[PDB]
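Below: one structure, written as structure tokens.
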Amino acid sequence: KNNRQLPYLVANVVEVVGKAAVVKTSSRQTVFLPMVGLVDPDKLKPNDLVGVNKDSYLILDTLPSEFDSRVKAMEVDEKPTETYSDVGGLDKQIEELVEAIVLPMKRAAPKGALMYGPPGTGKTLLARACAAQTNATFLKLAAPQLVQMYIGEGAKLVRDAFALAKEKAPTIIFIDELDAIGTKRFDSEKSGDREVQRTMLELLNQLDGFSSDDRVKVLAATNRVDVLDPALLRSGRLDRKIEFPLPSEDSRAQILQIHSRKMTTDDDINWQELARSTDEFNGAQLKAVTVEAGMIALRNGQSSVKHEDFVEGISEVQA
Amino acid sequence: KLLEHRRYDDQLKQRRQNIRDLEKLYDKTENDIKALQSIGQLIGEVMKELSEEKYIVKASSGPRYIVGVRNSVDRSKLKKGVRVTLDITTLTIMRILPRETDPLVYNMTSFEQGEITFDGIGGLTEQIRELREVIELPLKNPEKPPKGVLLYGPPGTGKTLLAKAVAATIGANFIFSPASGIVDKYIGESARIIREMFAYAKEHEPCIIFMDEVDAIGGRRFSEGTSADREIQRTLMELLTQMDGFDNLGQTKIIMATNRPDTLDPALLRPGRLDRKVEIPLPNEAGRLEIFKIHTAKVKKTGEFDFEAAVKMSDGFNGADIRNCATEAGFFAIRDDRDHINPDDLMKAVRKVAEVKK
Amino acid sequence: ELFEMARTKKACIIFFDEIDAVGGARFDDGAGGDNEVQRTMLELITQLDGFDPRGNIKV
Amino acid sequence: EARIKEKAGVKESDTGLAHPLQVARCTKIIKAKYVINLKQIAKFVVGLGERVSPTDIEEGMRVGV
């Protein structure tokens, strides 16, 4: 009979004499009840999701903490498949990537690493690469969401981000432009943004809450960081300060390769030339050249794309 | 011919044993079945006793109500602030209650003492002693008690761990406070939060109160305008109220946390609120080497593993940076196949540790 | 919501006059109040990067 | 006509006391209520297992998340 409703009100707990429990509803209403039938004193504990007859205030079900907000705008692409052949030249850190994530994952430590350098390289992809590679839950997470009107909403979000990810852990939580939340300023004026700060602090505390979980992997990219912390460099917090240098030319020839890859080409191509003529392109500028050369190559009528085409992509002002 | 006794007892033994296996679950489930008749009953504290029956009780869910007693009720025991079970329709006392609130381990964070003692993070020893005497002891020597103690420097260096190591040494319940949850939104909940943090601890004392890095709920704010900063100031003051106010640390003590001190309300730093401003410098070459052979060498390592020269190259590191030094070589260890770290693993790390920062 | 209804309106031109409104590259995070405004870009920065089709959704 | 027609539609909400939508109040069905409140009254999620309702979760005329 009493089963069930979608959803219930939930409530949290104080007492668990010994048969006694008092709970405060999602309606913000406290009832006593002799501990109901469908629940277990261990299931019972404060701060919990529970099925409760809304009318009777009779707890029906214990509820797992699941729809405890994923701030559903939080974007979880689960371990998408991306190679290290995706954007080349980065083997430096790819090692470190492995060294900061893969190896800490599979043996017996860092809970996360810290990117810096401009993305569009596929820094994102690097994450996405390891998202495939390490097979830990990838969280593509924009701090703007962590940036909120509610007070400590972000922290809540961060806690949100923390916990449900800890379920999907092994997880790699990606963060873009940490400096968003990466400035505490200097001062006692910090409530100015308490959000971006405390969220960091909350995060720091989360990064502080554990050490050994490789289940939690924390990946933060910036163009460059602003404030430093031995939280920002720590075993169990952000351990690894990871450079993303704008690649070298053969590395660009390596990356342009991947971009030139799916292109139809007659091989007038010489990459290194392009690679030499180009300077420090994060991958997509090669791809931009790749892009333009194609539009060019069509304007040339060419199905295949040629070196000159790419030269003309370059020619399309790269500055 | 005699195989029947089994086929008799075989059935029998199990059968007769299978009796209450099944049968137990019924009544238990039946209780659960039954208890579904047992219905929830509202809660509240007595604001006061109007008449012996007549009560002023603010619903724990909501506003005040004029109510009477019910039954099995002691109009004696019924008293101000007393949690009582209340009625949904009759709207009167459905029972008289003990009381406590809040997620003790969550909104409040309740962990007893600390994981490793002061020694394991030793090399902060100045503080280690210095704090203990100004924190632990004033309990056990009735001959001010201390107001407040504020860490600063880089966290977790042992820094955040200090609290646990602190918390460990006293015996009090360590109660951790992260900040913003104390006023998320949640357009209110200030003292009720903090006083539960006070009062629960005040009842549960000895308790350690540790408030994390308190610049969102601490600090002097900005223009001191209203972002909801007026929330913070309150919250900022709620402590001030408990501190510059008569509320003492009876057996419950308060550890303040910041990574930077100058980030706090000047009035907060004041005695009557804070009697200690706890620095955490970086370990010296000694302190490092101290912490070095502490944090590090306890990870399995060769004597080949380079003890001081690492420390020589180990400079401006913290307690966890020391651990990083270990942890980094550990990369090379798992990279060199080492349970015991080897000097090879090490100083690659050391510079690499001395690389990113000092 | 932009990027949301971007994909709703797909084959759509997201057009910004006044990229200078949010500002451009800046250190005014060193001041510390601008951060969100800066982030608002980084917002715009972040999300537009990875998943948004810009052959259809024009920026 | 449309009134009484949509009065059904009205009543089609009005059972269980019930494109942004913001909040669906599809209200108080306990067996069941099949709605989300994102709002400070009785926040709700239908899920945890396979949880739907054939055309429409429930009510408000509002039916949805």
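Following Swiss-Prot, chain A residues are numbered 70-85, 113-204, 214-424, in order.
Method reported for this entry: electron microscopy, 4.6 Å.
Note that Cβ sites are derived from N, Cα and C of the backbone, with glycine treated the same way.
So that you can see what the record holds, here are the features copied from Swiss-Prot:
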MOD_RES   A:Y180  phosphotyrosine
BINDING   A:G222, A:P223, A:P224, A:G225, A:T226, A:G227, A:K228, A:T229  ATP binding site
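Positions of the features from Swiss-Prot, shown on the structure.
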{"residue": "A:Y180", "record": "phosphotyrosine", "CB count, 10 Å": "17"}
{"residue": "A:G222", "record": "ATP binding site", "CB count, 10 Å": "18"}
{"residue": "A:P223", "record": "ATP binding site", "CB count, 10 Å": "15"}
{"residue": "A:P224", "record": "ATP binding site", "CB count, 10 Å": "24"}
{"residue": "A:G225", "record": "ATP binding site", "CB count, 10 Å": "18"}
{"residue": "A:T226", "record": "ATP binding site", "CB count, 10 Å": "24"}
{"residue": "A:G227", "record": "ATP binding site", "CB count, 10 Å": "23"}
{"residue": "A:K228", "record": "ATP binding site", "CB count, 10 Å": "28"}
{"residue": "A:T229", "record": "ATP binding site", "CB count, 10 Å": "22"}
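DSSP assigns A:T229 (ATP binding site) to a helix in the three-state reduction. Straight-line distance linking the Cα atoms of A:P223 (ATP binding site) and the residue listed as 'phosphotyrosine', rounded to a whole number, equals 18 Å. Note: the Cα of A:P224 (ATP binding site) and the Cα of A:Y180 (phosphotyrosine) are spaced 15 Å from each other. Apart from A:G222, A:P223, A:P224, A:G225, A:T226, A:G227, A:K228, A:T229, the residues listed for ATP, the same chain places the Cβ atoms of A:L230, A:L231, A:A326, A:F349, A:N387, A:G388 within 8 Å of the centroid of those Cβ atoms.
Put simply, the residue listed as 'phosphotyrosine' is 18 Å from A:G222 (ATP binding site) when counted between their Cα atoms. A Cα-Cα distance of 12 Å separates A:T226 (ATP binding site) from A:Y180 (phosphotyrosine). In sequence order there is nothing to list: of A:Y180, A:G222, A:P223, A:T226, A:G227, A:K228, none of the recorded positions comes within a CB distance under 8 A of chain C. Here the C-alpha separation of A:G225 (ATP binding site) and the residue listed as 'phosphotyrosine' works out to 15 Å. The CA atom of A:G227 (ATP binding site) is located 10 Å away from the CA atom of A:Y180 (phosphotyrosine).
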